[PDB]
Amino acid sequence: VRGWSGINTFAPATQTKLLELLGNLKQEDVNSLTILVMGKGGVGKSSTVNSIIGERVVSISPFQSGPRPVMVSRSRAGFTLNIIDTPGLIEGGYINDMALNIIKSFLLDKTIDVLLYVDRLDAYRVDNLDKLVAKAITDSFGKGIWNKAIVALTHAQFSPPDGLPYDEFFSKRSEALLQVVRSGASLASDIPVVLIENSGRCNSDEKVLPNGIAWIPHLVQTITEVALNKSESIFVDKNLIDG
């Protein structure tokens, strides 16, 4: 709706890729695409929204949260990107029901093309709190949503602890989390994990992770692949919420 000026801030190799990635969504009569960003938080939702958009579109508090949700919309090459930032779902050791019901009621009649479930890469645990969140997502929008889901781990410019190589650490935390979201949602198929450094930078031109991958292209690429799998999208009716 407002024009995607943010891409201009990206690297030319990233600009070229996003215009090509946006190109083959256009090629498939995919013109809009709505992404819902949900999680925990203070785990980098807003920041991720901001990195995608290419500018500071959502408030990031370094110290306490909130309950906004926002959709920001940016057109380019005839394609329109809607991202929804949303409050963290957890309060103390419980879901914040008010906050969930707001997300829901703000989504009333919108269409979730891709859900971006955000957590930190550099956490050392999973537990009922992670389970509850996957539970809340599934009860709100159905188990069908997880086929249009991607898990994004932020603080990806981590170097692990006691000499654990970067991949081992990564690989163990991906399963740790994938197992427990799969549990709370009750569930294969995919379901993709991408890495994210909102840092800002970051080490072509655009900005690689400590395993070689350029993540902004990689995330929009994963967003296109999850956007084109079928699958279908999820139309958030007044129906679905009472589930």
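Residue indices: 1-based, along the sequence shown.
In the deposited sequence, the stretch from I60 to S61 has no residues without coordinates, so the chain runs on without a break. Going from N203 to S204, you skip over 1 to 3 residues of the deposited sequence that the entry leaves unmodelled. Judged by mean Cα B factor in the deposited record, 204-212 ranks above the other of 36-44 and 204-212. Remark: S231 belongs to the highest third of its chain, ranked by C-alpha B-factor as recorded. Remark: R56 belongs to the lowest third of its chain, ranked by C-alpha B-factor as recorded. For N24, the recorded CA temperature factor ranks within the highest third of the chain's modelled residues. In the deposited entry, the Cα temperature factor of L18 places it in the highest third of its chain's modelled residues. Compared with the other modelled residues of the chain, the Cα B-factor recorded for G88 ranks in the lowest third.
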